[PDB]
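Data first, discussion second: the structure below is written as structure tokens.
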Amino acid sequence: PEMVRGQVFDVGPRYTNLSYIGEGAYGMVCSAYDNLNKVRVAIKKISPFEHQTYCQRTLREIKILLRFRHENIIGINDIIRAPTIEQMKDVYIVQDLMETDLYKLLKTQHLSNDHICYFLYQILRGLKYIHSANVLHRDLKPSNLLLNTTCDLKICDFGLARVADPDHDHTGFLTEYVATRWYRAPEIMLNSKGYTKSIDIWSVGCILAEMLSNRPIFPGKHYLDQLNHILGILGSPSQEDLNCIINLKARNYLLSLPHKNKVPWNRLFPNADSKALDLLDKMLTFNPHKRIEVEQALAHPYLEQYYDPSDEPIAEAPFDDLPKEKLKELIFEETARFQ
Ligand SMILES: CNC(=O)c1ccccc1Nc1cc(NC2CCOCC2)ncc1Cl
């Protein structure tokens, strides 16, 4: 078998001529030539079986990606693994080869308003499908948005995803959270477990702001610093928005802060399209119940050149204590169709 950067990458003979791409959340990713489809593809090597948590994340990523079928969601083309559970130590996920990701593009390229509009449309179109399956992505960020040479955008990594559960969303103040800090909604730090669709809309709002300026809008250095940044731009929450927070520790923390005024979007982004800023404001709304939903966002005037609900499909059917041995068996069963 071909070896890449001191490690086995056992994908042959269908996939040959390997080249290192980089490290992702699951391990090494390479490009390879697919001798059947006559194109180069991406292959991610995953070695999760020694840890229950790695098994849970890998199973979620595979189960969700195989059930979903949408132009703006990365697909799984093939899955390579040993023929028996005993011999299975790694799993390789084959996906379409992308040219870049939005994180890398934002680091070096200025986006035209036309590119911002197109990218936002595609993120929201993919998100409508995810939310229609009652699934929350929970880790939307520029590095999870991959792009091909013609700027077709694919949402990636469903490892932190969950089925929406609005009834069990409430929790205490400063409750630990897994998802990427800069893209976390204010309620995560206050009273939310991140089990409602509004969590994803906030992250999209953060990505739109970052597309407008090439810099993260709320670059918090640690857990509570994240809320300082959000309130530094949005200003103090209204009495009505505080009344929606019943938890005393969270509400009292907010009441203890000096009054802060809103920084206007047009002063932060003087070159931005005014319709883009109006949609940004609706996505970056402090109160999650007043925050715009994905289908409303698609219908916003900023996206009128693309909006077509008949061409924004939904899922046909909607969608933690298991030991790692049981999870390995489920991963083996979930990947059986490619043998
Ligand atoms: C969600 N992120 C990943 O899956 C990932 C992370 C680090 C390195 C590669 C990654 N995957 C891909 C990478 C590419 N192409 C690269 C994209 C970045 O720029 C170089 C090509 N094509 C398809 C895929 Cl699946």
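In this analysis, Cβ positions are derived from the backbone assuming ideal geometry, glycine residues included, and neighbour counts consider all displayed protein chains. Values in this text are rule-based calculations from the coordinates and carry no lab data.
Could you name the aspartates and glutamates in cross-link range of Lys107, using Cα to Cα under 12 Å and dropping any fewer than eight places away on the same chain?
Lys107 reaches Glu210.
Mind running the shape call on region 1-83? Use the C-alpha gyration tensor, a ≥ b ≥ c as the square roots of the eigenvalues: rounded below 1.5 for a/c, prolate if a/b tops b/c, oblate otherwise. If you can, show how the numbers build up before the last one.
Numbers: a/c = 1.79, a/b = 1.16, b/c = 1.54.
Verdict is oblate for region 1-83.
Return the long-range amide H neighbours of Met28 (sequence gap of 5 or more, or a different chain), with a cut-off of under 5 Å between placed amide H atoms.
Excluding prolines and chain starts, which carry no amide H, the hits are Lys45.
How would region 234-339 be classified by its alpha-carbon gyration tensor: rounded, prolate or oblate, with rounded meaning a/c under 1.5 and the a/b versus b/c comparison settling the rest? Don't skip to the end; give the middle numbers.
Details: a/c = 2.92, a/b = 1.41, b/c = 2.07.
Judged from the Cα gyration tensor, region 234-339 comes out oblate (a/c at least 1.5, b/c at or above a/b).
To the nearest Å, what is the center-to-center distance of region 193-217 and region 97-173, using C-alpha atoms only?
Centre-to-centre distance over Cα atoms comes out at 9 Å.
Output the relative contact order of region 38-122, whole-number percent, from Cα pairs under 8 angstrom with separation of 6+ residues.
On the way: 74 pairs, mean separation 28.4, N = 85.
With pairs under 8 Å counted, the relative contact order is 33 percent.
Tell me which residues come under 5 Å, amide H to amide H, from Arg40 once H is placed; ignore anything under 5 positions away on its chain.
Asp34
Could you tell me which of rounded, prolate or oblate describes region 199-284, using a ≥ b ≥ c as the square roots of the eigenvalues of the alpha-carbon gyration tensor, with rounded for a/c under 1.5 and, failing that, prolate when a/b is larger than b/c and oblate otherwise?
On the way: a/c = 1.95, a/b = 1.75, b/c = 1.11.
Prolate is the answer for region 199-284, as a/c is 1.5 or above and a/b outweighs b/c.
Specify which residue in the list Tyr223, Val39, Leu18 is farthest towards the positive end of the charge dipole of the chain, using unit charges on the beta carbon of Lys, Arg (+1) and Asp, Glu (-1), about the Cα centre.
Ranked along the dipole, the leading option is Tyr223.
Using modelled amide H (1.01 Å from N, peptide plane; none on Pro or chain starts), what sits under 5 Å from the amide H of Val4, excluding residues fewer than 5 places away?
Residues meeting the criterion, in which the H sits 1.01 Å from N, are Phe9.
Under 13 Å between alpha carbons, and skipping anything fewer than 8 positions from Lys328 in its own chain: which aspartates and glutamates qualify?
Within the straight-line cut-off, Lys328 pairs with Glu50, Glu86, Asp90.
Using θ = phi - 60° and the Karplus curve 6.51 cos²θ - 1.76 cosθ + 1.60, what whole-Hz ³J(HN,Hα) does each residue of region 139-152 get, with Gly and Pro shown as x?
With the stated coefficients, region 139-152 comes to 8, 6, 6, x, 6, 9, 10, 9, 9, 8, 5, 9, 6, 7 Hz.
Give me Rg/Rg_expected for the chain, where Rg uses Cα atoms only and Rg_expected = 2.2 N^0.38 Å with N residues.
On the way: Rg = 21.1 Å, N = 339, 2.2 N^0.38 = 20.1 Å.
Scaled against compact globular proteins, the figure is 1.05.
Report the GluC sites (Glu not before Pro) located in region 1-54 that are in a DSSP loop and have at most 13 other Cβ atoms inside 10 Å of their Cβ, or state none. Each step should come with its number before you reach the end.
Working: sites: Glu2, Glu23, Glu50; in loops: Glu2, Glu50.
Counting only loop positions with at most 13 other Cβ atoms within 10 Å, the GluC sites (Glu not before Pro) in region 1-54 are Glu50.
Please give the charge dipole size of the chain, origin at the Cα centre, charges +1 on K and R Cβ atoms and -1 on D and E Cβ atoms. Round to the nearest 20 debye. Provide the component values of the computation, followed by the final result.
Values: 40 positive and 43 negative charges, 163 e Å.
Rounded to the nearest 20 debye, it is 780 debye.
Residues in region 160-184 near a label at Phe319, defined as backbone nitrogen under 17 Å from the 7 Å Cα→Cβ point?
Of the residues in region 160-184, 160-169, 178-180 have backbone N under 17 Å from the label point off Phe319.
Rounded to the nearest 0.05, what FRET efficiency is calculated for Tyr306 and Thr100 with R0 set to 22 Å and r the Cβ-Cβ distance?
The formula returns an efficiency of 0.55 here.
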